[PDB]
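Inspection log for the structure reproduced underneath, given as structure tokens.
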Amino acid sequence: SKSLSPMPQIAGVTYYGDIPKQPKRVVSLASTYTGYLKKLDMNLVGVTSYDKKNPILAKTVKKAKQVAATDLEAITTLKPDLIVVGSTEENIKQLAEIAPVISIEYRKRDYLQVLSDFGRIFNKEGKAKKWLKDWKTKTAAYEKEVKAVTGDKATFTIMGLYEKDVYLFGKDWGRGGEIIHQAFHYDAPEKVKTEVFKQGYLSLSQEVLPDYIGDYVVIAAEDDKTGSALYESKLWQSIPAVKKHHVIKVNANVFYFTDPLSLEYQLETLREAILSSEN
Ligand SMILES: O=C1CCC(=O)N(O)C/C=C/CCNC(=O)CCC(=O)N(O)CCCCCNC(=O)CCC(=O)N(O)CCCCCN1
Ligand SMILES: [Fe+3]
Ligand code: NA
Ligand code: NA
Ligand SMILES: [Zn+2]
Ligand SMILES: [Zn+2]
Ligand SMILES: [Zn+2]
Ligand SMILES: [Zn+2]
């Protein structure tokens with residue numbers, strides 16, 4: 001049998017079976033976590049559709065098969081020694097019959113803690129610590145670069161276009177919020193702090209958008225055509241941030257994510273976009 005993880009008790013983490021310390025064949029069924037596992041040098045043999053559509057992550061998991069959580073046959077034949085899932089997955093019991101499962105309830109640990117937590121689970125503390133120390137220094141330095149341009153108290157709102165809907169996001173639901181609010185310590189407008197932050201996200205009617213945007217807005221979308229009718233509208237064009245050219249449009253295919261690999265890309269992209277807003 002496998003050498004075992006110490007399986008620490010961590011908020012949000014549930015273990016099904018004996019988790020290996022050094023898994024050799026991991027199936028990741030939760031896009032939140034795939035890039036954390038890659039950062040810690042795990043061999044991923046299965047990943048999700050969102051993972052494959054994230055160009056930053058996809059480059060690192062070319063040999064992994066795309067699978068869904070219902071793919072019991074394909075997952076079995078991948079011969080995993082570990083499966084990682086989100087806690088809301090429909091069929092964790094069936095997955096745990098195939099291999100040991102780590103199930104994570106989102107948001108119980110923050111985007112940085114998740115990495116050091118995996119460091120404890122897999123005895124990869126050094127790799128996690130090195131990344132986290134560098135991240136702390138780099139983000140503080142970049143925070144200075146961007147606030148030099150905007151002012152330290154400029155407000156930012158995180159937004160996404162999805163289907164025909166409009167979402168706002170807080171500090172810990174992807175779409176750039178970790179970078180903008182946690183890494184750069186930008187404030188959000190009061191209405192976003194009150195109505196969005198605790199909730200994580202808020203699906204909004206388009207006509208009230210002006211009320212939620214202050215100095216800057218970051219907008220994630222999967223395709224560059226989705227926002228067209230909104231963007232040309234008098235409503236949108238009346239927003240001071242829009243008039244100032246403080247709209248930052250980003251590609252959701254990577255910006256949905258919160259993992260170290262995706263966030264490295266988001267960090268550089270957002271730094272450059274803020275600087276570019278004053279070109
Ligand atoms: O984990 C993150 C950031 C936070 C996040 O989006 N999560 O889903 C984490 C798990 C949240 C707890 C379970 N909640 C839900 O499943 C509710 C639906 C959901 O995924 N949400 O994010 C809620 C707001 C978005 C709803 C519309 N769906 C999308 O934007 C698809 C991309 C979308 O939201 N996805 O999750 C697929 C890509 C995600 C890449 C990893 N990103
Ligand atoms: Fe989500
Ligand atoms: Na933080
Ligand atoms: Na999608
Ligand atoms: Zn700060
Ligand atoms: Zn039109
Ligand atoms: Zn203009
Ligand atoms: Zn400006």
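Order determines the names: the first chain of the structure tokens is A, the second B, and so forth; residues in each chain are numbered 1 upward, and ligands are numbered 1 upward as they are shown.
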
Which residues come within 8 Å of residue A:85, counting only C-alpha atoms, excluding same-chain residues fewer than 5 positions away, as a PyMOL selection string?
chain A and resi 28-30+92+101-104

Within 9 Å of ligand 7: each chain A residue with its shortest pair, only C-alpha atoms and all ligand atoms, as a Markdown table:
```
| residue | atom | partner | partner_atom_place_in_ligand_line | distance |
| --- | --- | --- | --- | --- |
| A:237 | CA | ligand 7 | 1 (Zn) | 8.5 |
| A:242 | CA | ligand 7 | 1 (Zn) | 7.3 |
| A:243 | CA | ligand 7 | 1 (Zn) | 5.3 |
| A:244 | CA | ligand 7 | 1 (Zn) | 6.6 |
| A:245 | CA | ligand 7 | 1 (Zn) | 6.1 |
```

| message | Around ligand 8, which protein and nucleic acid residues have at least one atom no more than 10 Å from it, if we count only C-alpha atoms and all ligand atoms? List them as a list in words. | response |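 Final answer, ordered by chain and number: residues 149, 150, 215, 216, 241, 242, 243, 244, 245, 246, 247, 274, 275, 276, 277, 278 and 279 of chain A.
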
Output for the residues just chosen: C-alpha atoms as a short mmCIF file (atom, residue, chain, number, x, y, z; two decimals), in the first residue's frame:
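After the write, again.cif holds the following:
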```cif
data_model
loop_
_atom_site.label_atom_id
_atom_site.label_comp_id
_atom_site.auth_asym_id
_atom_site.auth_seq_id
_atom_site.Cartn_x
_atom_site.Cartn_y
_atom_site.Cartn_z
CA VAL A 149 -0.75 55.45 -11.20
CA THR A 150 -4.27 55.22 -9.75
CA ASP A 215 -12.86 54.43 -10.34
CA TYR A 216 -12.21 51.18 -12.28
CA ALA A 241 -15.11 54.98 -15.08
CA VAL A 242 -16.08 54.28 -18.70
CA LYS A 243 -15.58 57.94 -19.69
CA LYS A 244 -12.14 57.88 -18.05
CA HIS A 245 -11.14 54.69 -19.93
CA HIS A 246 -10.84 52.76 -16.68
CA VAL A 247 -12.42 49.56 -18.02
CA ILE A 274 -3.71 49.29 -14.95
CA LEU A 275 -0.50 50.92 -16.15
CA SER A 276 -1.91 50.97 -19.73
CA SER A 277 -5.08 52.78 -18.62
CA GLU A 278 -2.95 55.91 -18.33
CA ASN A 279 -1.07 55.54 -21.64
#
```

- Residues within 12 Å of ligand 3, counting only C-alpha atoms and all ligand atoms, as a PyMOL selection string: chain A and resi 109-114+132+135-136+139-140+171-172+177-186

Counting only C-alpha atoms and all ligand atoms, what are the residues, protein, DNA or RNA alike, that approach ligand 6 to within 10 Å? I want them as a PyMOL selection string. chain A and resi 228-233

With the cut-off set at 9 Å and counting only C-alpha atoms and all ligand atoms, tabulate each residue of chain A with an atom at most that distance from an atom of ligand 4, showing the nearest atom pair and its distance in Å to one decimal, ordered by chain and increasing number, as CSV.
```
residue,atom,partner,partner_atom_place_in_ligand_line,distance
A:50,CA,ligand 4,1 (Na),7.4
A:162,CA,ligand 4,1 (Na),7.7
A:163,CA,ligand 4,1 (Na),8.4
A:222,CA,ligand 4,1 (Na),7.2
A:252,CA,ligand 4,1 (Na),8.8
A:253,CA,ligand 4,1 (Na),8.1
```

Please write the residues from the selection above to a file, keeping N, CA, C and O atoms, as a PDB file, in the first residue's frame.
```
ATOM      1  N   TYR A  50     -12.940  22.931 -17.935  1.00  0.00           N
ATOM      2  CA  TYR A  50     -12.472  24.289 -17.717  1.00  0.00           C
ATOM      3  C   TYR A  50     -10.945  24.331 -17.700  1.00  0.00           C
ATOM      4  O   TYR A  50     -10.342  25.300 -18.174  1.00  0.00           O
ATOM      5  N   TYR A 162     -21.654  36.481 -18.391  1.00  0.00           N
ATOM      6  CA  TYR A 162     -21.825  35.044 -18.500  1.00  0.00           C
ATOM      7  C   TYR A 162     -23.211  34.813 -19.066  1.00  0.00           C
ATOM      8  O   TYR A 162     -24.174  35.321 -18.511  1.00  0.00           O
ATOM      9  N   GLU A 163     -23.299  34.037 -20.142  1.00  0.00           N
ATOM     10  CA  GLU A 163     -24.567  33.856 -20.829  1.00  0.00           C
ATOM     11  C   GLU A 163     -25.103  35.249 -21.160  1.00  0.00           C
ATOM     12  O   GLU A 163     -24.357  36.096 -21.645  1.00  0.00           O
ATOM     13  N   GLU A 222     -15.788  35.210 -21.712  1.00  0.00           N
ATOM     14  CA  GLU A 222     -15.198  34.132 -22.490  1.00  0.00           C
ATOM     15  C   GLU A 222     -14.979  34.495 -23.954  1.00  0.00           C
ATOM     16  O   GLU A 222     -14.168  33.849 -24.619  1.00  0.00           O
ATOM     17  N   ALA A 252     -11.904  35.425 -19.424  1.00  0.00           N
ATOM     18  CA  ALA A 252     -12.367  34.537 -18.370  1.00  0.00           C
ATOM     19  C   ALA A 252     -11.765  33.137 -18.464  1.00  0.00           C
ATOM     20  O   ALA A 252     -11.713  32.440 -17.454  1.00  0.00           O
ATOM     21  N   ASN A 253     -11.316  32.701 -19.640  1.00  0.00           N
ATOM     22  CA  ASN A 253     -10.836  31.332 -19.732  1.00  0.00           C
ATOM     23  C   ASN A 253      -9.667  31.073 -18.768  1.00  0.00           C
ATOM     24  O   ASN A 253      -9.506  29.945 -18.308  1.00  0.00           O
TER      25      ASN A 253
END
```

- Rounded to one decimal in Å, what is the spacing between atom 28 (N, counted along the ligand's line) of ligand 1 and atom CA of residue A:159?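 Those two atoms sit 12.3 Å apart.
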
Requested in this report: Identify, counting only C-alpha atoms and all ligand atoms, the protein, DNA and RNA residues located within 6 Å of ligand 1, and give them as a ChimeraX atom specification.
Outcome: /A:31-32,50,106,162,173-174,256-258

message: Using only C-alpha atoms for the distances, tell me which of A:200, A:100, A:151, A:227 is nearest to residue A:16.
response: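 The answer is A:100, which sits nearest to residue A:16.
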
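Minimum atom-to-atom distance to residue A:129, evaluated using only C-alpha atoms, belongs to A:40 out of A:40, A:191, A:97, A:143.
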
Nearest residue to residue A:65 out of A:11, A:250, A:82, A:26, using only C-alpha atoms?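 Once distances to residue A:65 are computed over only C-alpha atoms, the minimum belongs to A:26.
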
Within stretch 232-265 of chain A, find each residue whose DSSP state, derived from the backbone, is strand (DSSP E), and express the selection as a PyMOL selection string. chain A and resi 247-251

Using only C-alpha atoms and all ligand atoms, can you tell me which of A:52, A:144, A:107, A:234 comes closest to ligand 2?
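Among the listed residues, A:107 lies closest to ligand 2.
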
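Distances here use only C-alpha atoms and all ligand atoms; by that measure, the residue among A:202, A:22, A:141, A:76 closest to ligand 5 is A:141.
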
**Message:** Could you pull out the helix (DSSP H, G or I) residues of stretch 4-170 of chain A, going by DSSP on the backbone, and write them as a PyMOL selection string?
**Reply:** chain A and resi 34-39+49-53+55-58+72-77+92-96+113-121+125-150

Min atom-atom distance to ligand 5 from the set A:236, A:197, A:265, A:142, counting only C-alpha atoms and all ligand atoms, belongs to A:142

| field | Shell of 8 Å around residue A:4, only C-alpha atoms, local chain residues under 2 positions omitted, as a PyMOL selection string | value | chain A and resi 2+6-7+18-22

With a distance cut-off of 12 Å and only C-alpha atoms, select the neighbouring residues of stretch 41-48 of chain A, excluding the residue or stretch itself and same-chain residues fewer than 2 positions from it, and output the selection as a PyMOL selection string.
-> chain A and resi 20-39+50-54+57-58+60-72+74-85+118-119+122+124+127-128+261

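Look at residue A:160: the protein and nucleic acid residues within 6 Å of it, using only C-alpha atoms and passing over chain neighbours fewer than 5 places away, are residues 166, 167, 219, 220 and 221 of chain A.
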